[PDB]
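Enquirer: before the rest arrives, take these chains from my complex:
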Amino acid sequence: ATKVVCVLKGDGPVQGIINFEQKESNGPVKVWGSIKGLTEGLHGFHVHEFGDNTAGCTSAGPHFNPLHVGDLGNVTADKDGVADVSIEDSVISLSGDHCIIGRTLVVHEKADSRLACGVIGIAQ
């Protein structure tokens, strides 16, 4: 897989679609998309260990950090509550030890609770 996608949903208004692409094995991963329903300002953005939505975002487990690897920084919401995301990350991967396929992406209430999340799935 060179492309994966995540649909973020939660108990409140936060929702979005985030794409990840890694055209070269072990290469940088491009992350992009949009999230709406957020309070204006900065929000933590993290891959968590488990792609387990049995208890909503509360079952996603800890930040992904194999022996954080899953820490993607903050996303920024504007006055309309929309965060446009465009990130490059060379620590996460779509293969190998830092593989994020089948894990959970979470957008958090605070800047670095879990507002929305989804399982990271194969898109291509």
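Expert: Sure thing, it's come through. Numbers count the residues shown, from 1 in each chain, chains lettered A, B, ... in the order given.
Enquirer: pretty sure residue A:124 sits against residue A:3.
Expert: Yes - with contact defined as Cβ atoms under 8 Å, residue A:124 and residue A:3 form a contacting pair (4.0 Å). For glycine as for every other residue, the C-beta is placed from the backbone atoms N, C-alpha and C.
Enquirer: which one of those two has more residues nearby?
Expert: Between residue A:124 and residue A:3, residue A:3 has the larger neighbour count (other Cβ atoms under 10 Å), namely 14 against 9.
Enquirer: show me what that one is bridged to.
Expert: Beta-bridge pairing of residue A:3 under DSSP bridges involves residue A:21.
Enquirer: phi and psi next, for the residue lying farthest from the centre of chain A.
Expert: Computed with Cα atoms, centre = their mean, the maximum C-alpha offset from the centroid of chain A is found at residue A:79, amounting to 21.5 Å. Per-residue torsions, residue A:79: phi -70, psi -20 (degrees, to the nearest 10).
Enquirer: excluding its backbone neighbours, what's nearest residue A:71?
Expert: residue A:46 (5.6 Å; Cβ to Cβ, 6 or more residues apart in numbering).
Enquirer: chain center to the host helix or strand of that neighbour, what's the gap?
Expert: Assigned by DSSP states H and E, residue A:46 belongs to strand A:41-48. From the chain centre to the centre of strand A:41-48 is a distance of 7 Å (Cα atoms, centre = their mean, to the nearest Å).
Enquirer: helices and strands around it, which ones?
Expert: Applying 3 or more Cβ pairs under 8 Å, 6 or more residues apart in numbering; DSSP states H and E, one finds that strand A:41-48 contacts strand A:71-77, strand A:104-108.
Enquirer: put this one in as chain B:
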Amino acid sequence: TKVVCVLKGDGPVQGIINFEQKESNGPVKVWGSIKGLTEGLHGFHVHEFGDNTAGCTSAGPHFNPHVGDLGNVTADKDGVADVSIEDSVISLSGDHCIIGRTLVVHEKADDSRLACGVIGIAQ
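Expert: Take a look at chain B, now in place beside the chains above:
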């Protein structure tokens, strides 16, 4: 290796399905429950894409690197289907790996897509 899938759709169909594989060349155990179904048989399939941007529609075709065909599940008179399957064609590693793909339960028996979810790594 353990994975889980939460099935959700536009109507009453919902469930939690677990998969476990003890060794890479071994059978995958599949177990869980689905509720909200019409009594009787329902197709049960892994689809190619873990893409839920258009609900179950964006999941694409049956996974077939079909490998994804898990047979039918059977719902009782209360609409509950118990899932207890062992499958040696799907895998949680290698080329038949289903992690990050979509599980779908279908309206019709195998001879619409009622609910689906992306298959994720579990504790």
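Enquirer: so after the strand holding residue A:46, what's the next helix or strand?
Expert: Downstream of strand A:41-48, the next assigned helix or strand under DSSP H and E is strand A:54-57.
Enquirer: for chain A, what lies in contact range of chain B?
Expert: Contacts of chain A with chain B, taken as Cβ under 8 Å from any Cβ of the partner chain, map to A:1, A:4-5, A:7, A:17, A:49-54, A:61, A:101-104, A:118-124.
Enquirer: contacts only, for the closest residue in space to residue A:99 that isn't next to it in sequence.
Expert: Spatial nearest neighbour of residue A:99, chain neighbours left out: residue A:93 (5.6 Å); criterion: Cβ to Cβ, 6 or more residues apart in numbering or on different chains. Counting by Cβ atoms under 8 Å, 6 or more residues apart in numbering or on different chains, residue A:93 touches A:22, A:26, A:29, A:99, A:100.
Enquirer: can you give me the neighbour number for the second one?
Expert: If I follow you right, that is residue A:26. 11 (other Cβ atoms under 10 Å in any protein chain shown).
Enquirer: wait, it touches residue A:96, no?
Expert: Yes - with contacts defined as Cβ under 8 Å, residue A:26 counts as touching residue A:96 at a distance of 6.9 Å.
Enquirer: alpha carbons of stretch A:8-20, as CSV, please.
Expert: What follows is stretch A:8-20 as a C-alpha-only set of coordinates in CSV (Å, rounded to 0.1, in the frame of the first residue of the first chain):
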residue,chain,number,x,y,z
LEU,A,8,-12.4,11.0,11.7
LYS,A,9,-15.7,10.8,13.7
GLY,A,10,-16.5,11.4,17.3
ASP,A,11,-19.4,12.0,19.8
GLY,A,12,-19.5,15.7,18.9
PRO,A,13,-19.2,17.8,15.8
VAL,A,14,-15.6,17.1,14.9
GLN,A,15,-15.1,15.3,11.6
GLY,A,16,-12.7,15.0,8.7
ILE,A,17,-10.9,13.0,6.1
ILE,A,18,-7.1,12.6,6.2
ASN,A,19,-5.0,11.1,3.5
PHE,A,20,-1.5,9.6,3.9
